[PDB]
Amino acid sequence: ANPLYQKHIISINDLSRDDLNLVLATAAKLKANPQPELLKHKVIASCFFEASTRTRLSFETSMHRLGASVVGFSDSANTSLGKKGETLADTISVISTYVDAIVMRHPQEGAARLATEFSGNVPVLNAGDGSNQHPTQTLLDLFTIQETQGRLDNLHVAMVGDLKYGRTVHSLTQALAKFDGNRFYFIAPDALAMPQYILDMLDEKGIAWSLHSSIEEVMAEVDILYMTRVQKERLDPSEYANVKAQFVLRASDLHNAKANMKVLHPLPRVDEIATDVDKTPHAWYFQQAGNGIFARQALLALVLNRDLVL
Amino acid sequence: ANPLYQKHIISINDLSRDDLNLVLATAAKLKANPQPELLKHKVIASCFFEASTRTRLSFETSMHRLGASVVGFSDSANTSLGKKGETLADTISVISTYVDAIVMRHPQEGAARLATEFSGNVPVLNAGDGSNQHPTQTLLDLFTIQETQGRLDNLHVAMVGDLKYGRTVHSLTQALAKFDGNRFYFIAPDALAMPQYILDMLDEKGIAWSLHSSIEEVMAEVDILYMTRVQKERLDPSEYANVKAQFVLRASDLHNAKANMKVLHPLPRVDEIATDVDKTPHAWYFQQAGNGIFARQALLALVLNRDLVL
Amino acid sequence: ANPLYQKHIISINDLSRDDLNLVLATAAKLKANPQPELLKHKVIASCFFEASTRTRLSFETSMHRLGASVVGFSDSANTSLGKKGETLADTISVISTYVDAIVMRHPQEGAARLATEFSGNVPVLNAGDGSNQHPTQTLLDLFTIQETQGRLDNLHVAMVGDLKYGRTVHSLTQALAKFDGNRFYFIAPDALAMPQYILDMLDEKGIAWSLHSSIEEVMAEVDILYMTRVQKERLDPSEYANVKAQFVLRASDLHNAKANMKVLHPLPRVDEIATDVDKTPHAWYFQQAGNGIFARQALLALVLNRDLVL
Amino acid sequence: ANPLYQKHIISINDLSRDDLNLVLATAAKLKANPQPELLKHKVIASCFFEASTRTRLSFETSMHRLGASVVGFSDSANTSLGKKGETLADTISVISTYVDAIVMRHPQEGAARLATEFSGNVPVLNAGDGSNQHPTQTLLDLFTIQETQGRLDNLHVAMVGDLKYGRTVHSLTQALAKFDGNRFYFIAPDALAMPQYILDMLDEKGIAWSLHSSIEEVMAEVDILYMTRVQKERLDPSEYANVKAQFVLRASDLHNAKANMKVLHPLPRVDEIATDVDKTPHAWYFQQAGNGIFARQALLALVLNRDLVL
Amino acid sequence: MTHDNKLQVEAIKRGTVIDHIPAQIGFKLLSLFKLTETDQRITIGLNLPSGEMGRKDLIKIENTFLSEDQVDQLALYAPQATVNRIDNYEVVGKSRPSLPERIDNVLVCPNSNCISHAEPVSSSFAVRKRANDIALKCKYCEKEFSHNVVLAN
Amino acid sequence: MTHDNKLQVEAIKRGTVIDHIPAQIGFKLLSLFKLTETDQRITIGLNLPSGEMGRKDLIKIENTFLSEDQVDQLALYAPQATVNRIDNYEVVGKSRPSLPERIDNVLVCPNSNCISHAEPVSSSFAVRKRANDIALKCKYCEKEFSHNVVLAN
Ligand SMILES: Nc1ccn([C@@H]2O[C@H](COP(=O)(O)OP(=O)(O)OP(=O)(O)O)[C@@H](O)[C@H]2O)c(=O)n1
Ligand SMILES: Nc1ccn([C@@H]2O[C@H](COP(=O)(O)OP(=O)(O)OP(=O)(O)O)[C@@H](O)[C@H]2O)c(=O)n1
Ligand SMILES: [Zn+2]
Ligand SMILES: [Zn+2]
């Protein structure tokens with residue numbers, strides 16, 4: 001039986017390097033020969049207690065491309081659950097009574113892991129729990145670095161933007177640290193700096209990182225440039241606009257990028273990457289979003305299947 | 001052709017004992033050998049004009065487990081139907097023009113029965129009409145009494161909670177009265193008493209019932225203890241809390257319950273059943289919710305199929 | 001100073017028969033010989049944390065017919081104080097440094113009493129606190145009973161409607177049970193009847209009361225008919241429409257009433273009192289609302305002025 | 001006429017030390033010997049396009065303790081002006097034909113200053129404009145520092161909380177840097193520290209300041225402790241709960257304070273100041289809110305009266 | 001200084017001894033009435049072998065004399081108790097609790113719309129009807145409940 | 001005999017004596033670890049003179065052997081407490097608390113958005129002596145806090 005068979009994919013810190021490579025080699029196969037009836041007759045719940053369209057449409061299309069049925073709700077817009085005083089432990093003890101896996105997003109951190117205590121042995125795959133984790137966004141990012149760069153070690157990866165609150169830059173830094181010889185460049189305004197616990201974990205593993213104030217200091221050396229959106233609510237109108245709005249990429253900045261350099265962005269991009277970057281061969285944010293189909297398909301295949309023959 | 005073929009399941013008072021037993025023997029078969037393509041190519045509408053997540057997810061998963069497609073809406077959150085001044089007669093005359101059955105919940109009593117006048121011969125299955133009926137919740141309850149108790153007659157059934165407004169205790173009392181020798185114990189605060197029309201119908205059928213003020217008066221004799229939630233809105237804050245909040249079950253109260261006694265609750269339970277009851281072998285509320293899958297599957301199978309070979 | 005000078009007016013329970021008589025005596029003087037500059041230079045705060053337009057406007061008009069200034073607010077989905085974190089105690093502690101008296105209506109019971117512990121020596125007058133007290137309504141009903149009947153003792157007072165939850169009828173019975181010889185008739189749907197506490201108190205004082213079923217039964221003996229509205233939230237629509245052929249009042253029903261009998265209603269009178277009653281001599285609910293002005297002017301004048309010579 | 005007669009009060013930056021002293025001198029006279037008919041026959045407009053209940057009520061009470069009339073509004077999801085298309089400039093141009101002075105609070109910065117160009121010769125007083133200015137708060141804090149300490153120079157003023165975004169602390173530092181010899185201690189989470197502009201200004205004047213980490217460090221030297229609230233929106237809940245063991249004030253911490261040391265807070269004080277501080281002699285935030293009345297009466301009297309002889 | 005043992009532990013030099021505490025109410029009493037925040041020596045016996053209830057509990061607080069109103073707050077939880085007051089190794093005083101007229105701080109109004117839940121006030125209840133069974137009226141919301149119910153929560 | 005030390009000693013036959021409880025942690029320990037929910041004889045001593053470590057507390061629990069894990073748990077509160085088992089009238093093992101792997105149940109997540117606040121869950125933190133302090137990682141939100149942020153709250 002494969003190691004992920006019937007496991008819960010709650011956190012990236014729980015997946016080993018080997019776990020990461022198994023998912024990523026399976027995504028590569030399903031991208032190459034489809035298996036559109038592997039999950040035939042499986043019914044899966046797509047519970048998004050917090051709405052997230054991008055993520056839901058992708059998760060469900062991946063479920064549809066392997067043949068599974070989907071039931072569920074998008075909410076944050078009062079669709080009857082939580083009324084009276086139904087606890088989440090009780091909602092999950094009733095939903096796992098008839099579905100084969102629960103994909104769930106929720107506003108509080110820890111909610112997917114508590115679902116795990118109540119689901120019996122229906123697996124729980126986490127699609128975001130507050131500011132804690134989002135495994136399936138790190139899995140697709142990793143798959144896109146792997147697929148375009150050919151490797152996940154010896155990378156020079158730059159992380160640009162709000163590094164203090166960006167839930168995905170924090171997990172991708174944790175996963176790339178599972179691998180060897182990667183080098184990090186963090187470029188963030190001072191108020192949005194990469195927290196100590198990341199930095200401390202990097203230092204303790206002997207991994208090299210450095211902070212820079214502009215992208216042009218490091219463009220030449222870089223392989224993956226992972227951009228984040230600054231949320232203007234996190235600053236005041238004037239701070240955002242003042243000098244700090246220069247974590248924005250334009251096509252002209254790519255002048256001297258290596259032929260292999262790729263720009264990734266979990267999205268929505270609002271203005272940190274200008275529209276003219278799209279026509280460059282380095283723009284890979286949308287092809288990154290398309291790769292979420294195969295990484296989410298691979299996890300569902302590996303978790304619901306004992307033995308996966310390919 | 002089976003008796004339920006292409007009938008509307010609007011009310012429990014319209015189903016005979018034989019009708020009830022046929023559905024329940026079919027639920028038992030589908031629970032035992034699945035028939036995941038019996039409703040292949042059927043498209044069913046899941047119209048929940050009033051949102052009810054628990055009920056919708058269950059109805060749709062049952063539709064998915066027999067192979068049917070589902071289209072439809074959850075609303076009570078202004079999703080365009082009822083705008084301009086579209087009557088329900090007109091909404092249903094247009095939806096029955098392309099679906100094979102309508103499952104519908106609605107806030108006013110009588111709405112499913114009016115849908116029946118306009119659907120042509122697309123069957124209408126009612127998932128709740130205001131304070132009137134909910135057949136599919138009584139069917140699953142009955143199936144869970146049958147399956148755990150081995151029978152539906154000669155039962156000592158206690159009904160605890162708000163018996164005046166609880167739509168489901170009223171219908172389950174009506175269905176169990178279809179059968180023989182059952183004995184009822186009603187335990188309700190005075191303002192939430194079981195209405196006369198129930199009591200009068202019981203008296204007229206020679207069925208025995210009695211009112212008690214605590215569960216410990218009757219625990220020893222009881223087979224099914226069906227708990228209801230008191231809605232605090234139905235009382236004032238102080239009334240609810242005052243003496244009347246003792247229609248709450250804890251594990252310690254089960255001390256002398258018969259080995260067969262089962263606790264059922266349509267849900268959400270908020271605090272009338274304490275968390276420690278769950279670890280007792282008598283807690284059957286969630287296994288009751290899981291049984292809604294087979295009772296709803298059986299009705300859909302029986303209504304859309306001429307002859308059901310098993 | 002007068003007995004109520006700088007006193008807090010929170011519960012009718014807290015004021016003796018003599019205080020009640022002092023108020024009703026003053027209100028008759030203020031109705032007779034107006035004193036428009038009595039509170040000249042006082043600023044009263046009208047803090048309605050719960051919107052009530054008729055009670056707010058009667059009070060601000062009282063404030064202004066005695067010459068005072070008014071600062072305040074009302075609140076449905078608006079106006080910052082309370083918010084969350086802002087305690088009522090810190091709102092009061094701050095507002096009691098600005099004003100000379102506080103009139104407040106709030107949704108939780110005892111809000112006016114909590115206020116009293118933070119206003120300093122600024123008097124706090126309760127205009128409604130959840131389901132507990134509303135003394136300025138009881139004072140205007142008593143003024144209206146006194147000026148129509150000539151006394152407050154030896155009355156045959158019929159109370160009708162939701163006796164279980166009308167806060168005004170609980171108060172009125174307490175207050176009229178401080179005068180002597182009053183006989184009480186309580187015509188309620190038994191789902192909505194007098195709490196046993198009102199009834200238990202009335203028996204310790206020896207007061208006579210009786211429960212009746214329809215006004216037609218007591219019409220002939222009664223001096224005040226105090227109608228209350230029936231809260232259709234607290235009732236099932238089908239129960240609501242079922243009770244006898246209601247307890248609504250029409251002029252046909254009055255063909256029997258005593259010449260000096262008056263119908264009172266705290267208002268709104270939605271459908272329990274038909275429009276034809278409005279033109280009989282027995283209709284007194286609008287004159288009852290006009291006396292609100294004289295009752296609240298009396299209370300304000302006594303609280304804020306040491307000696308009042310009128 | 002007096003220096004401020006018919007002047008606009010928009011930024012604290014715009015008023016010299018002498019103007020600040022003129023106001024604080026007048027407010028002490030108005031507190032001493034009231035003048036209730038000073039603005040008799042003036043109508044002031046209280047235009048709160050942003051709801052602020054404590055600031056609105058302090059101002060309207062100021063207006064009324066000097067005899068003026070008040071027309072105005074507040075606005076959460078209500079009240080037509082602005083709407084869209086209605087420019088602030090045309091609202092002002094219209095309202096300045098009706099009133100004698102305009103007090104306004106608005107969410108965008110410089111709204112009060114734009115107003116000044118359309119009010120004609122009608123004075124405009126700012127009660128808050130986005131994150132820019134709130135001069136009537138600074139004037140009441142200074143009045144409170146002057147009446148508790150006896151001077152406005154040579155003070156050891158500790159400022160605590162969100163120094164980066166409290167508009168009141170930016171203003172207070174500007175204003176206290178017009179008096180002489182003041183020493184400043186700034187205890188902020190470094191994510192929320194004094195902007196370099198306040199700090200750059202303080203150094204051009206030679207003022208001494210220092211940054212500290214916890215109040216326990218400066219407790220012993222300090223005359224004013226000005227606490228500010230920490231905006232938990234601007235913070236991750238987990239960061240918010242992580243900082244040292246907070247910068248909240250409890251009476252245990254005050255065991256060291258100077259006898260004349262006072263704790264000020266613009267309010268609300270949600271949890272940064274515990275309830276036991278309220279009973280120490282060092283608590284002065286409610287007396288600080290009462291002085292709001294005297295500060296805004298002084299400003300209104302000087303703006304609307306040519307010569308004031310009190 | 002006298003022959004302690006622990007089955008009925010002996011002698012403090014002056015202080016209070018609340019003895020004949022029902023059983024499992026002794027710790028309830030240390031919690032509720034915060035008896036613990038003194039730097040004085042407290043000695044406590046729990047599930048002890050005698051004072052006729054069979055098992056009983058006992059608290060000894062040297063140098064503290066807590067009295068008359070304090071002794072009466074003990075009445076809803078431990079009405080069978082005796083509060084011995086001691087000076088120079090002798091029980092110079094021995095009283096029992098009796099129902100007070102007011103019980104501050106210790107109870108929670110069972111009415112959830114009461115304002116006392118969210119605010120910097122102490123709970124307060126007016127007490128009435130000795131031993132046939134106690135009703136408690138909240139100071140704030142003025143709802144009267146059965147002690148049974150407030151004492152449940 | 002006397003330089004007072006014991007006086008008429010509560011010398012138990014079989015049990016656990018938790019000695020050197022740092023003063024004021026004595027009551028925490030009973031509450032948090034729900035040690036009085038037993039029918040066996042306990043004798044507690046609060047704020048004992050122990051000139052030798054100033055003042056301390058001490059719980060004696062009869063016929064109970066609370067151990068290994070149960071003992072290590074106390075490490076966060078009373079870092080130096082010597083638990084002592086007794087089998088027949090004397091010390092048959094003094095055991096010191098070691099900092100454990102996990103601390104379950106007794107502790108609260110600082111994180112107000114952590115789901116453990118509204119749910120039927122028992123808290124659980126992973127302990128890491130980050131040499132200087134002890135960091136505590138929540139099982140659910142996976143946020144890491146100084147043990148002093150958690151032990152205040
Ligand atoms: N200096 C002393 C003297 C007495 N006691 C305690 O005081 C309590 C009761 O005092 P006493 O009247 O001397 O014994 P009793 O007569 O049994 O009191 P009662 O009849 O009320 O039980 C006993 O539990 C005893 O331990 C004590 O601790 N210290
Ligand atoms: N029959 C016994 C034996 C011991 N003890 C208790 O067990 C503890 C064990 O201490 P011990 O090793 O006997 O001498 P100490 O020096 O007090 O131990 P430590 O060095 O840890 O303080 C003492 O507090 C004593 O009260 C007891 O109550 N009954
Ligand atoms: Zn209360
Ligand atoms: Zn947590």
# chains A, B, ... in the order shown; residues from 1 in each chain; ligands from 1

$ residues_around --residues "residue D:209" --least-positions-apart "2" --cutoff "10 Å" --atoms "only C-alpha atoms" --output "ChimeraX atom specification"
/D:156-158,182-186,199,202-203,206-207,211-212

$ write_last_selection --atoms "C-alpha atoms" --output "compact mmCIF listing (two decimals), in the first residue's frame"
# COMPACT_ATOMS: atom_id res chain seq x y z
CA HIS D 156 8.70 63.15 31.39
CA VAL D 157 6.00 61.87 29.19
CA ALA D 158 5.86 58.12 28.45
CA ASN D 182 10.13 67.72 27.64
CA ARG D 183 11.65 64.23 27.66
CA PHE D 184 9.88 61.50 25.75
CA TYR D 185 9.89 57.70 26.35
CA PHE D 186 8.30 55.59 23.59
CA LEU D 199 11.52 61.29 15.58
CA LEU D 202 12.17 65.95 17.64
CA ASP D 203 15.86 65.88 16.90
CA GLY D 206 17.03 69.09 20.30
CA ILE D 207 14.28 67.22 22.26
CA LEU D 211 12.73 54.11 23.06
CA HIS D 212 11.99 51.53 25.72

$ residues_near_ligand --ligand "ligand 3" --cutoff "10 Å" --atoms "only C-alpha atoms and all ligand atoms" --output "PyMOL selection string"
(chain B and resi 238) or (chain C and resi 108-110) or (chain E and resi 108-117+123-125+136-145)

$ residues_around --residues "residue B:117" --least-positions-apart "4" --cutoff "10 Å" --atoms "only C-alpha atoms" --output "VMD selection string"
chain B and resid 89 92 to 93 112 to 113 121 124

$ write_last_selection --atoms "N, CA, C and O atoms" --output "compact mmCIF listing (two decimals), in the first residue's frame"
# COMPACT_ATOMS: atom_id res chain seq x y z
N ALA B 89 -45.90 27.89 -8.52
CA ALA B 89 -46.51 27.09 -9.58
C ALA B 89 -45.69 27.24 -10.88
O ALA B 89 -45.23 26.24 -11.44
N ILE B 92 -41.98 25.65 -10.63
CA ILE B 92 -42.07 24.21 -10.79
C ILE B 92 -42.55 23.84 -12.18
O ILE B 92 -42.10 22.81 -12.67
N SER B 93 -43.39 24.60 -12.90
CA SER B 93 -43.77 24.17 -14.24
C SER B 93 -42.56 24.38 -15.08
O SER B 93 -42.41 23.66 -16.06
N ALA B 112 -44.72 21.66 -1.00
CA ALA B 112 -44.43 20.50 -1.79
C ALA B 112 -45.68 19.93 -2.41
O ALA B 112 -45.73 19.60 -3.59
N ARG B 113 -46.76 19.90 -1.63
CA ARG B 113 -48.01 19.44 -2.20
C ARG B 113 -48.47 20.35 -3.33
O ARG B 113 -49.03 19.82 -4.30
N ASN B 121 -45.64 14.54 -14.44
CA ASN B 121 -45.48 13.31 -13.71
C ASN B 121 -44.03 13.22 -13.35
O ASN B 121 -43.45 12.15 -13.51
N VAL B 124 -42.25 14.61 -6.94
CA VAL B 124 -41.84 15.58 -5.91
C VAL B 124 -41.60 14.90 -4.58
O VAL B 124 -42.52 14.26 -4.04

$ closest_atom_pairs --of "chain A" --to "chain F" --cutoff "12 Å" --atoms "only C-alpha atoms" --output "tab-separated table"
residue	atom	partner	partner_atom	distance
A:10	CA	F:140	CA	10.1
A:11	CA	F:142	CA	9.4
A:12	CA	F:142	CA	11.3
A:13	CA	F:142	CA	9.9
A:14	CA	F:142	CA	11.5
A:82	CA	F:118	CA	11.8
A:85	CA	F:118	CA	10.3
A:86	CA	F:119	CA	10.1
A:87	CA	F:119	CA	6.5
A:88	CA	F:119	CA	7.3
A:89	CA	F:119	CA	7.1
A:90	CA	F:120	CA	9.6
A:91	CA	F:119	CA	11.6
A:106	CA	F:115	CA	9.8
A:107	CA	F:113	CA	8.1
A:108	CA	F:113	CA	5.2
A:109	CA	F:141	CA	4.6
A:110	CA	F:140	CA	4.0
A:111	CA	F:115	CA	5.8
A:112	CA	F:140	CA	8.4
A:113	CA	F:140	CA	6.1
A:114	CA	F:140	CA	7.0
A:115	CA	F:140	CA	10.4
A:116	CA	F:140	CA	10.7
A:117	CA	F:121	CA	9.0
A:118	CA	F:121	CA	10.5
A:128	CA	F:141	CA	11.7
A:129	CA	F:141	CA	8.4
A:130	CA	F:113	CA	8.0
A:131	CA	F:141	CA	8.5
A:132	CA	F:141	CA	6.3
A:133	CA	F:141	CA	8.9
A:196	CA	F:144	CA	11.6
A:197	CA	F:144	CA	8.8
A:198	CA	F:144	CA	11.8
A:200	CA	F:130	CA	11.6

$ atom_distance --atom1 "atom CA of residue E:150" --atom2 "atom CA of residue B:242"
8.7 Å

$ residues_near_ligand --ligand "ligand 1" --cutoff "9 Å" --atoms "only C-alpha atoms and all ligand atoms" --output "number ranges by chain"
E: 1-2, 4, 8-20, 51, 58, 60, 81-91, 93-96

$ atom_distance --atom1 "atom CA of residue B:51" --atom2 "atom CA of residue B:9"
19.8 Å

$ calpha_fit_and_write --fixed "chain E" --moving "chain F" --output "tab-separated table (two decimals) with C-alpha atoms, in the first residue's frame"
chain	number	residue	atom	x	y	z
F	1	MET	CA	-4.07	9.65	72.45
F	2	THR	CA	-4.52	7.04	69.74
F	3	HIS	CA	-7.58	5.99	68.24
F	4	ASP	CA	-5.63	8.03	65.76
F	5	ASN	CA	-7.75	11.27	65.94
F	6	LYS	CA	-5.08	13.99	65.42
F	7	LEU	CA	-1.51	12.65	65.29
F	8	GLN	CA	1.21	15.18	66.27
F	9	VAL	CA	-1.38	18.05	66.10
F	10	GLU	CA	-1.48	21.11	63.96
F	11	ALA	CA	-2.64	22.99	67.00
F	12	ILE	CA	-2.32	26.60	66.04
F	13	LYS	CA	-1.92	29.50	68.42
F	14	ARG	CA	-4.20	32.23	66.85
F	15	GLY	CA	-6.50	31.56	63.86
F	16	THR	CA	-9.65	30.12	62.43
F	17	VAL	CA	-10.26	26.35	62.03
F	18	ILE	CA	-13.15	25.55	59.74
F	19	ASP	CA	-14.08	22.06	60.72
F	20	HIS	CA	-16.78	19.64	59.43
F	21	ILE	CA	-16.57	20.87	55.88
F	22	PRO	CA	-18.87	18.23	54.26
F	23	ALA	CA	-16.11	16.48	52.01
F	24	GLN	CA	-15.55	17.99	48.48
F	25	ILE	CA	-16.82	21.43	49.65
F	26	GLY	CA	-13.34	21.94	51.15
F	27	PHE	CA	-11.82	22.79	47.78
F	28	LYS	CA	-14.82	24.79	46.60
F	29	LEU	CA	-14.47	27.01	49.63
F	30	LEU	CA	-10.82	27.79	48.97
F	31	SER	CA	-11.43	28.61	45.35
F	32	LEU	CA	-14.65	30.56	45.71
F	33	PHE	CA	-13.72	32.52	48.79
F	34	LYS	CA	-10.14	32.99	47.69
F	35	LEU	CA	-8.82	31.89	51.06
F	36	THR	CA	-5.23	30.98	49.85
F	37	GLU	CA	-4.37	34.60	48.86
F	38	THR	CA	-2.50	35.14	51.99
F	39	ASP	CA	1.01	34.71	53.15
F	40	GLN	CA	-0.04	33.10	56.47
F	41	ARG	CA	0.23	29.41	57.27
F	42	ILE	CA	-2.73	27.32	56.16
F	43	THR	CA	-2.98	23.59	56.61
F	44	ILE	CA	-5.82	21.85	54.84
F	45	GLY	CA	-6.97	18.27	55.36
F	46	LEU	CA	-9.19	16.63	52.69
F	47	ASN	CA	-11.35	13.65	53.11
F	48	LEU	CA	-10.50	13.09	56.71
F	49	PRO	CA	-11.90	10.20	58.51
F	50	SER	CA	-14.29	11.38	60.92
F	51	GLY	CA	-16.20	8.07	61.28
F	52	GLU	CA	-18.60	10.17	63.37
F	53	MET	CA	-19.78	12.13	60.23
F	54	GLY	CA	-18.14	9.70	57.71
F	55	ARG	CA	-15.55	11.85	55.99
F	56	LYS	CA	-15.02	15.55	56.08
F	57	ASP	CA	-12.59	18.30	55.22
F	58	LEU	CA	-10.95	20.96	57.46
F	59	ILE	CA	-8.99	24.22	56.83
F	60	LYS	CA	-6.74	25.77	59.41
F	61	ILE	CA	-5.83	29.43	58.72
F	62	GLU	CA	-3.33	31.14	61.05
F	63	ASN	CA	-3.61	34.57	62.52
F	64	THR	CA	-6.74	35.17	60.57
F	65	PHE	CA	-10.18	35.74	61.93
F	66	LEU	CA	-12.60	35.47	59.06
F	67	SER	CA	-15.97	36.44	60.49
F	68	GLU	CA	-19.63	37.20	60.88
F	69	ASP	CA	-20.56	37.89	57.25
F	70	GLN	CA	-17.64	35.83	55.97
F	71	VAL	CA	-18.83	32.89	58.02
F	72	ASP	CA	-22.51	33.19	56.99
F	73	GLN	CA	-21.49	33.10	53.38
F	74	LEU	CA	-20.43	29.48	53.70
F	75	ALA	CA	-24.01	28.57	54.65
F	76	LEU	CA	-24.93	27.77	51.11
F	77	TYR	CA	-22.07	25.23	50.68
F	78	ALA	CA	-21.22	23.70	53.97
F	79	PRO	CA	-24.43	24.36	55.97
F	80	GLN	CA	-22.95	22.76	59.07
F	81	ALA	CA	-19.32	23.82	59.43
F	82	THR	CA	-18.31	25.03	62.87
F	83	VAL	CA	-15.90	27.91	62.52
F	84	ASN	CA	-13.68	28.17	65.64
F	85	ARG	CA	-11.49	31.24	66.48
F	86	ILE	CA	-8.34	30.59	68.64
F	87	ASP	CA	-6.47	33.47	70.41
F	88	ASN	CA	-3.83	31.76	72.47
F	89	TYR	CA	-3.89	28.11	71.88
F	90	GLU	CA	-7.56	27.12	72.35
F	91	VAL	CA	-11.05	27.59	71.14
F	92	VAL	CA	-12.33	31.02	72.01
F	93	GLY	CA	-15.59	30.79	70.03
F	94	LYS	CA	-17.18	28.18	67.89
F	95	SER	CA	-19.54	29.97	65.43
F	96	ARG	CA	-22.03	28.23	63.17
F	97	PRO	CA	-23.04	29.58	59.70
F	98	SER	CA	-26.40	31.24	59.43
F	99	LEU	CA	-27.97	31.81	55.90
F	100	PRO	CA	-27.12	35.55	55.05
F	101	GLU	CA	-29.10	38.49	53.58
F	102	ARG	CA	-27.34	38.61	50.29
F	103	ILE	CA	-24.66	36.44	48.63
F	104	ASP	CA	-22.35	38.63	46.58
F	105	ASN	CA	-19.69	37.78	44.11
F	106	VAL	CA	-19.44	34.05	44.25
F	107	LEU	CA	-22.53	32.80	42.21
F	108	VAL	CA	-23.69	33.25	38.60
F	109	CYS	CA	-26.98	34.29	37.19
F	110	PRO	CA	-28.63	31.34	35.29
F	111	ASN	CA	-30.26	33.90	33.08
F	112	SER	CA	-28.19	34.09	29.91
F	113	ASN	CA	-29.71	37.50	28.93
F	114	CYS	CA	-28.80	38.93	32.37
F	115	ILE	CA	-26.39	41.83	31.80
F	116	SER	CA	-24.06	40.59	34.61
F	117	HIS	CA	-22.47	38.16	32.09
F	118	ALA	CA	-20.59	40.58	29.85
F	119	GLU	CA	-20.00	43.38	32.42
F	120	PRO	CA	-17.52	44.48	35.12
F	121	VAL	CA	-20.11	43.75	37.75
F	122	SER	CA	-19.97	41.52	40.80
F	123	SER	CA	-22.97	39.25	41.01
F	124	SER	CA	-25.46	39.74	43.90
F	125	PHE	CA	-28.40	37.61	44.96
F	126	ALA	CA	-31.03	38.05	47.63
F	127	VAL	CA	-31.62	34.96	49.63
F	128	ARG	CA	-35.10	33.82	50.67
F	129	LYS	CA	-35.59	30.60	52.54
F	130	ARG	CA	-38.77	29.67	50.85
F	131	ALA	CA	-39.41	27.06	53.40
F	132	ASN	CA	-38.57	23.96	51.65
F	133	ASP	CA	-35.81	25.66	49.52
F	134	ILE	CA	-33.81	28.80	49.17
F	135	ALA	CA	-34.72	31.06	46.34
F	136	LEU	CA	-32.16	33.47	44.99
F	137	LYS	CA	-33.19	36.69	43.30
F	138	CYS	CA	-30.64	38.40	40.95
F	139	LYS	CA	-30.00	42.08	41.69
F	140	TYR	CA	-29.91	42.93	38.00
F	141	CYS	CA	-32.38	40.86	36.03
F	142	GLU	CA	-34.60	40.41	39.13
F	143	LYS	CA	-35.29	36.88	38.12
F	144	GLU	CA	-35.75	34.40	40.99
F	145	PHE	CA	-34.24	30.85	40.83
F	146	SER	CA	-34.05	27.70	43.05
F	147	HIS	CA	-30.67	27.79	44.79
F	148	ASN	CA	-29.95	24.44	43.05
F	149	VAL	CA	-30.45	25.96	39.55
F	150	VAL	CA	-27.88	28.58	40.54
F	151	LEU	CA	-25.37	26.26	42.23
F	152	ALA	CA	-25.34	23.96	39.19
F	153	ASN	CA	-25.58	27.04	36.79

$ interface_residues --of "chain D" --to "chain A" --cutoff "10 Å" --atoms "only C-alpha atoms" --output "VMD selection string"
chain D and resid 131 165 190 to 192 233 to 238

$ select_by_dssp --residues "stretch 94-166 of chain A" --states "helix (DSSP H, G or I)" --output "list in words"
residues 94, 95, 111, 112, 113, 114, 115, 135, 136, 137, 138, 139, 140, 141, 142, 143, 144, 145, 146, 147, 148 and 149 of chain A

$ atom_distance --atom1 "atom CA of residue B:272" --atom2 "atom CA of residue B:292"
21.8 Å
